[PDB]
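Participant: only geometry, no sequence info:
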(Lines give C-alpha, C1' and ligand atoms only; values in the text may rest on other atoms or scores of the structure.)
Protein backbone atom coordinates (compact mmCIF):
# COMPACT_ATOMS: atom_id res chain seq x y z
CA UNK A 1 0.00 0.00 0.00
CA UNK A 2 3.06 2.36 0.20
CA UNK A 3 2.15 3.20 3.81
CA UNK A 4 5.65 2.46 5.21
CA UNK A 5 7.46 5.84 5.31
CA UNK A 6 10.79 4.30 4.33
CA UNK A 7 13.71 5.57 2.24
CA UNK A 8 14.10 3.51 -0.97
CA UNK A 9 17.67 2.52 0.05
CA UNK A 10 16.37 0.79 3.19
CA UNK A 11 13.54 -0.86 1.18
CA UNK A 12 16.10 -2.48 -1.17
CA UNK A 13 18.36 -3.48 1.77
CA UNK A 14 15.36 -5.15 3.50
CA UNK A 15 14.36 -7.03 0.30
CA UNK A 16 17.95 -8.33 -0.19
CA UNK A 17 18.00 -9.40 3.47
CA UNK A 18 14.65 -11.22 3.01
CA UNK A 19 15.88 -13.07 -0.13
CA UNK A 20 19.04 -14.13 1.81
CA UNK A 21 16.92 -15.45 4.71
CA UNK A 22 14.53 -17.21 2.31
CA UNK A 23 17.40 -18.99 0.46
CA UNK A 24 19.46 -19.87 3.60
CA UNK A 25 16.81 -20.44 6.29
CA UNK A 26 13.63 -21.02 4.20
CA UNK A 27 12.03 -18.19 6.20
CA UNK A 28 10.70 -14.77 5.16
CA UNK A 29 11.24 -11.65 7.26
CA UNK A 30 8.34 -10.10 5.30
CA UNK A 31 4.98 -10.77 6.87
CA UNK A 32 2.50 -12.27 4.37
CA UNK A 33 -0.39 -9.96 3.48
CA UNK A 34 -3.77 -11.25 2.41
CA UNK A 35 -4.96 -10.38 -1.06
CA UNK A 36 -8.69 -10.80 -1.47
CA UNK A 37 -9.86 -11.35 -5.02
CA UNK A 38 -13.54 -11.33 -5.89
CA UNK A 39 -14.19 -14.31 -8.14
CA UNK A 40 -17.46 -14.87 -9.95
CA UNK A 41 -18.56 -18.52 -9.81
CA UNK A 42 -21.49 -20.20 -11.51
CA UNK A 43 -24.12 -21.88 -9.33
CA UNK A 44 -27.09 -23.84 -10.69
CA UNK A 45 -30.49 -22.31 -10.00
CA UNK A 46 -31.68 -25.40 -8.17
CA UNK A 47 -35.31 -24.55 -7.62
CA UNK A 48 -35.89 -24.55 -3.90
CA UNK A 49 -39.21 -26.28 -4.34
CA UNK B 1 18.21 -2.52 51.90
CA UNK B 2 17.28 -0.26 48.95
CA UNK B 3 14.92 -2.77 47.33
CA UNK B 4 12.86 -5.80 48.41
CA UNK B 5 11.34 -8.44 46.09
CA UNK B 6 7.99 -10.14 46.73
CA UNK B 7 5.72 -12.62 45.00
CA UNK B 8 2.55 -10.75 44.01
CA UNK B 9 -0.62 -12.68 43.25
CA UNK B 10 -3.16 -10.88 41.10
CA UNK B 11 -6.77 -11.66 42.13
CA UNK B 12 -8.10 -14.19 39.56
CA UNK B 13 -4.77 -13.64 37.74
CA UNK B 14 -1.13 -14.61 37.28
CA UNK B 15 1.67 -14.70 39.83
CA UNK B 16 3.96 -11.69 39.32
CA UNK B 17 7.27 -10.61 40.87
CA UNK B 18 6.84 -7.33 42.72
CA UNK B 19 9.87 -5.25 43.72
CA UNK B 20 9.54 -2.34 46.12
CA UNK B 21 12.26 0.29 45.68
CA UNK B 22 12.58 2.33 48.88
CA UNK B 23 14.81 5.12 47.48
CA UNK B 24 14.61 5.89 43.76
CA UNK B 25 17.37 8.55 44.13
CA UNK B 26 19.88 6.03 45.58
CA UNK B 27 23.32 6.56 43.98
CA UNK B 28 24.52 3.55 41.93
CA UNK B 29 21.30 1.56 42.29
CA UNK B 30 22.27 -2.19 42.27
CA UNK B 31 20.37 -3.18 39.10
CA UNK B 32 22.70 -6.17 38.53
CA UNK B 33 21.76 -7.81 41.86
CA UNK B 34 18.08 -6.95 41.36
CA UNK B 35 17.97 -8.45 37.83
CA UNK B 36 19.97 -11.54 38.92
CA UNK B 37 17.43 -12.21 41.69
CA UNK B 38 14.56 -11.83 39.18
CA UNK B 39 16.45 -14.12 36.68
CA UNK B 40 16.32 -11.25 34.11
CA UNK B 41 20.02 -11.73 33.32
CA UNK B 42 20.01 -12.11 29.54
CA UNK B 43 20.01 -9.13 27.17
CA UNK B 44 16.46 -8.58 25.95
CA UNK B 45 15.05 -6.37 23.18
CA UNK B 46 12.85 -3.77 24.87
CA UNK B 47 9.62 -2.14 23.74
CA UNK B 48 8.95 0.81 26.04
CA UNK B 49 5.38 2.17 26.05
CA UNK B 50 5.34 5.92 26.80
CA UNK B 51 2.12 7.29 28.30
CA UNK B 52 0.37 3.89 28.24
CA UNK B 53 -3.18 3.86 29.64
CA UNK B 54 -6.57 2.30 28.86
CA UNK B 55 -7.39 2.91 25.18
CA UNK B 56 -9.43 1.58 22.22
CA UNK B 57 -6.27 0.13 20.52
CA UNK B 58 -7.23 -3.58 20.95
CA UNK B 59 -6.04 -5.04 17.58
CA UNK B 60 -2.98 -2.76 17.54
CA UNK B 61 -1.86 -4.34 20.85
CA UNK B 62 -2.35 -7.83 19.35
CA UNK B 63 0.14 -6.90 16.59
CA UNK B 64 2.52 -5.32 19.11
CA UNK B 65 2.37 -8.47 21.28
CA UNK B 66 3.04 -10.68 18.21
CA UNK B 67 6.12 -8.65 17.19
CA UNK B 68 7.40 -8.76 20.79
CA UNK B 69 6.83 -12.55 20.95
CA UNK B 70 8.70 -13.19 17.67
CA UNK B 71 11.62 -10.96 18.83
CA UNK B 72 11.62 -12.26 22.47
CA UNK B 73 11.18 -8.63 23.55
CA UNK B 74 10.20 -7.38 27.01
CA UNK B 75 7.41 -4.80 27.08
CA UNK B 76 7.79 -2.02 29.66
CA UNK B 77 4.85 0.19 30.69
CA UNK B 78 3.41 2.09 33.70
CA UNK B 79 1.85 -0.99 35.44
CA UNK B 80 -1.78 0.13 34.83
CA UNK B 81 -4.40 -1.44 32.52
CA UNK B 82 -3.77 -0.64 28.81
CA UNK B 83 -5.65 -3.44 26.95
CA UNK B 84 -2.36 -5.23 26.06
CA UNK B 85 -2.83 -7.71 28.97
CA UNK B 86 -4.93 -10.45 27.19
CA UNK B 87 -2.32 -10.78 24.40
CA UNK B 88 0.61 -10.75 26.87
CA UNK B 89 -1.00 -13.48 29.02
CA UNK B 90 -1.82 -15.71 26.00
CA UNK B 91 1.71 -15.44 24.50
CA UNK B 92 3.54 -15.66 27.90
CA UNK B 93 5.24 -12.30 27.21
CA UNK B 94 7.25 -10.49 29.86
CA UNK B 95 5.40 -7.30 30.77
CA UNK B 96 7.30 -5.03 33.18
CA UNK B 97 5.38 -2.28 34.96
CA UNK B 98 7.17 0.70 36.57
CA UNK B 99 5.11 3.06 38.72
CA UNK B 100 5.27 5.18 41.89
CA UNK B 101 3.76 3.06 44.71
CA UNK B 102 1.62 6.01 45.91
CA UNK B 103 0.09 6.59 42.41
CA UNK B 104 -1.11 2.98 41.91
CA UNK B 105 -3.62 0.88 43.85
CA UNK B 106 -3.42 -2.80 44.65
CA UNK B 107 -6.28 -4.73 42.99
CA UNK B 108 -9.13 -5.68 45.32
CA UNK B 109 -10.32 -9.27 45.51
CA UNK B 110 -13.76 -9.62 43.85
CA UNK B 111 -14.10 -5.86 43.27
CA UNK B 112 -17.02 -4.94 41.00
CA UNK B 113 -15.30 -1.59 40.29
CA UNK B 114 -11.84 -1.41 38.72
CA UNK B 115 -9.86 1.72 39.57
CA UNK B 116 -8.09 3.12 36.44
CA UNK B 117 -4.85 3.29 38.50
CA UNK B 118 -5.14 -0.34 39.66
CA UNK B 119 -2.23 -2.70 38.92
CA UNK B 120 -3.28 -4.78 35.89
CA UNK B 121 -3.21 -8.57 35.59
CA UNK B 122 -0.69 -9.51 32.86
CA UNK B 123 2.37 -7.83 34.34
CA UNK B 124 5.05 -10.46 35.07
CA UNK B 125 7.27 -7.97 36.92
CA UNK B 126 6.24 -4.87 38.87
CA UNK B 127 8.62 -2.15 40.06
CA UNK B 128 6.97 0.07 42.65
CA UNK B 129 9.30 3.00 43.28
CA UNK B 130 9.34 5.23 46.35
CA UNK B 131 11.34 8.12 47.68
CA UNK B 132 12.36 8.19 51.38
CA UNK B 133 9.25 10.22 52.27
CA UNK B 134 6.84 8.14 50.06
CA UNK B 135 5.73 11.29 48.12
CA UNK B 136 6.69 10.20 44.56
CA UNK B 137 4.34 11.26 41.74
CA UNK B 138 4.00 10.29 38.08
CA UNK B 139 6.98 11.37 35.87
CA UNK B 140 9.39 11.13 38.86
CA UNK B 141 9.88 7.37 38.26
CA UNK B 142 10.95 8.00 34.61
CA UNK B 143 14.70 8.11 35.31
CA UNK B 144 14.49 4.75 37.14
CA UNK B 145 12.35 3.27 34.31
CA UNK B 146 14.92 4.22 31.61
CA UNK B 147 17.88 3.02 33.73
CA UNK B 148 16.05 -0.31 34.22
CA UNK B 149 15.35 -0.54 30.43
CA UNK B 150 19.03 0.12 29.60
CA UNK B 151 20.14 -2.58 32.11
CA UNK B 152 17.59 -5.11 30.81
CA UNK B 153 18.90 -4.51 27.26
CA UNK B 154 22.60 -4.82 28.35
CA UNK B 155 22.07 -8.04 30.33
CA UNK B 156 24.99 -9.60 32.28
CA UNK B 157 28.27 -7.62 32.03
CA UNK B 158 30.13 -10.87 31.14
CA UNK B 159 28.32 -11.10 27.77
CA UNK B 160 30.74 -8.98 25.68
CA UNK B 161 28.25 -7.76 23.11
CA UNK B 162 26.29 -4.67 22.10
CA UNK B 163 23.12 -4.08 24.11
CA UNK B 164 19.87 -5.30 22.62
CA UNK B 165 17.79 -2.81 20.62
CA UNK B 166 15.36 -0.55 22.46
CA UNK B 167 12.34 1.06 20.82
CA UNK B 168 9.99 3.53 22.47
CA UNK B 169 6.31 3.61 21.48
CA UNK B 170 4.73 6.99 22.19
CA UNK B 171 1.05 6.35 22.95
CA UNK B 172 0.49 9.56 24.98
CA UNK B 173 -2.84 8.29 26.39
CA UNK B 174 -1.69 10.04 29.61
CA UNK B 175 -0.40 13.65 29.79
CA UNK B 176 2.78 12.61 31.69
CA UNK B 177 4.80 11.54 28.59
CA UNK B 178 7.14 14.55 28.31
CA UNK B 179 9.87 13.55 30.81
CA UNK B 180 10.08 10.03 29.37
CA UNK B 181 10.41 11.42 25.79
CA UNK B 182 13.09 13.90 27.01
CA UNK B 183 15.11 11.01 28.48
CA UNK B 184 14.59 8.77 25.40
CA UNK B 185 15.92 11.58 23.12
CA UNK B 186 18.86 12.12 25.54
CA UNK B 187 19.82 8.39 25.25
CA UNK B 188 19.46 8.46 21.40
CA UNK B 189 16.58 5.95 21.37
CA UNK B 190 14.09 5.63 18.47
CA UNK B 191 10.51 6.75 19.22
CA UNK B 192 7.50 5.47 17.25
CA UNK B 193 4.62 7.97 17.41
CA UNK B 194 1.47 5.85 17.27
CA UNK B 195 -1.95 7.08 16.13
CA UNK B 196 -4.94 6.91 18.51
CA UNK B 197 -4.29 9.58 21.17
CA UNK B 198 -5.05 13.30 20.66
CA UNK B 199 -1.38 14.25 21.24
CA UNK B 200 0.00 11.59 18.85
CA UNK B 201 -2.63 12.46 16.19
CA UNK B 202 -1.59 16.14 16.39
CA UNK B 203 2.14 15.23 16.05
CA UNK B 204 1.43 12.92 13.04
CA UNK B 205 -0.79 15.55 11.38
CA UNK B 206 1.83 18.30 11.84
CA UNK B 207 4.63 16.00 10.57
CA UNK B 208 2.79 15.78 7.21
CA UNK B 209 1.85 19.47 7.12
CA UNK B 210 4.00 22.18 5.55
CA UNK B 211 5.77 24.39 8.14
CA UNK B 212 3.39 27.34 7.54
CA UNK B 213 0.29 25.15 8.14
CA UNK B 214 1.53 23.58 11.43
CA UNK B 215 -0.96 24.05 14.28
CA UNK B 216 0.14 23.07 17.80
CA UNK B 217 -2.80 23.17 20.25
CA UNK B 218 -2.03 20.25 22.64
CA UNK B 219 1.75 19.72 22.26
CA UNK B 220 4.00 21.86 24.47
CA UNK B 221 6.91 23.94 23.05
CA UNK B 222 9.44 21.64 24.76
CA UNK B 223 8.00 18.62 22.90
CA UNK B 224 8.27 20.56 19.59
CA UNK B 225 12.00 21.08 20.30
CA UNK B 226 12.42 17.37 21.17
CA UNK B 227 10.75 16.37 17.84
CA UNK B 228 13.57 18.19 15.97
CA UNK B 229 16.43 16.72 18.11
CA UNK B 230 15.24 13.09 18.46
CA UNK B 231 14.64 10.12 16.15
CA UNK B 232 10.85 10.20 15.73
CA UNK B 233 9.01 7.84 13.35
CA UNK B 234 5.35 8.50 12.56
CA UNK B 235 2.90 5.56 12.41
CA UNK B 236 -0.36 6.81 10.85
CA UNK B 237 -2.01 3.39 11.22
CA UNK B 238 -3.89 1.41 13.90
CA UNK B 239 -3.40 -1.81 11.90
CA UNK B 240 -1.91 -4.71 13.87
CA UNK B 241 0.41 -5.66 10.99
CA UNK B 242 1.80 -2.12 10.55
CA UNK B 243 2.81 -1.77 14.25
CA UNK B 244 4.26 -5.30 14.24
CA UNK B 245 6.39 -4.45 11.17
CA UNK B 246 7.60 -1.19 12.78
CA UNK B 247 8.50 -2.87 16.12
CA UNK B 248 10.22 -5.81 14.41
CA UNK B 249 12.19 -3.39 12.18
CA UNK B 250 13.36 -1.14 15.07
CA UNK B 251 14.29 -4.16 17.27
CA UNK B 252 16.42 -5.63 14.44
CA UNK B 253 17.85 -2.50 12.77
CA UNK B 254 18.79 1.08 13.71
CA UNK B 255 17.95 3.28 10.68
CA UNK B 256 20.07 6.28 11.84
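Facilitator: That came through fine. Numbers count the residues shown, from 1 in each chain, chains lettered A, B, ... in the order given.
Participant: If you drop the residues flanking it in sequence, what lies closest to residue B:43?
Facilitator: Closest residue in space to residue B:43, ignoring its immediate chain neighbours: residue B:155 at 3.3 Å, by Cβ to Cβ, 6 or more residues apart in numbering or on different chains. For every residue, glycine as well, the C-beta is placed using N, CA and C.
Participant: quick one: contacts for that neighbour?
Facilitator: Applying Cβ atoms under 8 Å, 6 or more residues apart in numbering or on different chains, we find residue B:155 in contact with B:41, B:42, B:43, B:44, B:163, B:164.
Participant: before we move on, what about residue B:94?
Facilitator: Going by Cβ under 8 Å, 6+ apart, the list of residues near residue B:94 reads B:40, B:44, B:74, B:75, B:124, B:125.
Participant: Closest to the mean position in chain A, which residue would that be?
Facilitator: residue A:33 (4.1 Å; Cα atoms, centre = their mean).
Participant: Skip the chain neighbours and tell me the closest residue to that one.
Facilitator: With sequence-adjacent residues excluded and distances taken as Cβ to Cβ, 6+ apart, residue A:33 is closest to residue B:241, at 7.2 Å.
Participant: what's next to the helix or strand hosting that neighbour, contact-wise?
Facilitator: Following DSSP states H and E, one finds residue B:241 within helix B:240-252. When contacts are defined by Cβ under 8 Å, 6+ apart, helix B:240-252 is touched by residues A:3-4, A:14, A:29, A:31, A:33, B:45, B:47, B:59-60, B:62-64, B:66-68, B:70-71, B:73, B:164-165, B:167, B:169, B:190, B:192, B:194, B:233, B:235, B:237, B:255.
Participant: Which among those residues count as buried?
Facilitator: A:14, A:29, B:45, B:47, B:60, B:62-64, B:66-68, B:71, B:73, B:164-165, B:167, B:169, B:190, B:192, B:194, B:233, B:235, B:237 (16 or more other Cβ atoms under 10 Å in any protein chain shown).
Participant: Do a quick rundown of the strands in chain B.
Facilitator: For chain B, the strands defined by DSSP state E cover B:3-9, B:15-21, B:46-50, B:74-77, B:95-100, B:125-129, B:166-170, B:191-194, B:232-235.
Participant: Given the second one, what are its sheet partners and their directions?
Facilitator: According to DSSP bridges, strand B:15-21 forms sheet pairs with strand B:3-9 (antiparallel), strand B:125-129 (parallel).
Participant: Put together TSV for these, with mean neighbour count on each row.
Facilitator: Output for these, formatted as TSV (neighbours: other Cβ atoms under 10 Å in any protein chain shown):
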stretch	mean neighbour count
strand B:3-9	14
strand B:125-129	24
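Participant: Nearest to residue A:37 among the ones you listed would be which one?
Facilitator: strand B:125-129 (46.1 Å; Cβ to Cβ).
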